[PDB]
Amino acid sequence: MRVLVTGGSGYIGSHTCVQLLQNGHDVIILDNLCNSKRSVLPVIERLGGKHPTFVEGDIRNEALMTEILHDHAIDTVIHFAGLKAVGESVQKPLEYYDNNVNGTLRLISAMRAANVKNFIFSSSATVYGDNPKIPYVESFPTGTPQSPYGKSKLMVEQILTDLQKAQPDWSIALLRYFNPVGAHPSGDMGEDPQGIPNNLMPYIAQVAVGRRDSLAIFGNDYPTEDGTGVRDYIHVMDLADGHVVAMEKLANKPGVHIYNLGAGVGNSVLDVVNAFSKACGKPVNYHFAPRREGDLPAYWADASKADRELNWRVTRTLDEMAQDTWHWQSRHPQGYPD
């Protein structure tokens, strides 16, 4: 199929593009480069074994989106583009609602214009809000996210749902991601955050590579087995694969197809640290700090639906997530070149 991958040069998109090309699809990447570098492009093609077309531009540019869509005869759109720094979203809400809410709106408006009706959206478990019932299941009603980032994702799912209702021939997948980690097994592609990483895995990796002193473990008094926060970590390669399958199986299948994408099991902060210490061959330095504002104690996905419906399930393990991350971090300490 002909697919437009917005945010295609970012973390999850890059890996998804590789898997897409491996499957022989024709890939067009659209990215504004606010959080990625052109240097990843050659890696995508090399690892993907096929050339992906790249377009530098913004999802907020409806006219350009429409043109791309038509120019490349796109059949389906995978939308990863947007802003995702939780804390920053609290400090700069407008930028979040603009890039995520208006950004998606401009893109689907362009799709309508170009007669494109297959869409895949990067959603998040954050949409469940403060749900005491865990694991989270697609049948649960959504809750109220506590950050502008979380809210923006829920708002987009609602807009997409209403759109599908009004244009019933559309096929829209709402893919609720849990906690993406890991890197391509080659060690030549991975997450390349700029500045202080907000997520656990990259933070740990930077401590291990010798850039940072100690990992601050936010809270050790949660009601969990070890007192640290529990999450559902999912290898970016499994996530990528899920996207290819969802795209292939849902294209032209009318409806709003919601699926949680996670491993279906929880791991604590210590579990992650331990796996990384093991991967890197040295104990990762860490200390206990106060709870981070807005953090829930524990949650993970119920991924039965995706298994059942798409025959998709994770295959990489926690150790692999850690190992692949270290291999990338270690082979490319400065990330992608400028």
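In case it trips you up, residue 1 is the first one in the sequence shown, and so on.
**Q** Please compare 26-34 with 45-53 and say which has the higher mean C-alpha temperature factor in the record.
**A** Here the higher of the two C-alpha B-factor means belongs to 45-53.
**Q** When the C-alpha temperature factors are averaged for each of 207-215 and 83-91, which stretch ends up with the higher value in the entry?
**A** Averaging CA B-factors over each stretch, the winner is 207-215.
**Q** Given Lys253, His257, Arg112, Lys153, identify the residue with the highest C-alpha B factor in the PDB entry.
**A** Out of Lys253, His257, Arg112, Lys153, the record gives the largest C-alpha B-factor to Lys253.
**Q** Between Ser304, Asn285, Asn311, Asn274, which one tops the list for C-alpha B-factor in the PDB entry?
**A** Out of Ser304, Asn285, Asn311, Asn274, the record gives the largest C-alpha B-factor to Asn285.
**Q** Tell me, lowest, middle or highest third: where does the Cα B factor of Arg291 rank within its chain?
**A** For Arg291, the deposited C-alpha B-factor lands in the highest third.
**Q** Check where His70 lands among this chain's C-alpha B-factors and tell me if it's the lowest, middle or highest third.
**A** Middle third.
**Q** Ranked by Cα temperature factor within the chain, is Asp226 in the lowest third, the middle third or the highest third?
**A** Tercile = middle for this residue's CA B-factor.
**Q** For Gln323, return the chain-relative third of its C-alpha B-factor as stated in the PDB record: lowest, middle or highest.
**A** CA B-factor rank for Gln323: highest third.
**Q** When the deposited Cα B-factors of this chain's modelled residues are ordered and cut into thirds, is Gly103 in the lowest, the middle or the highest one?
**A** Bottom third by C-alpha B-factor.
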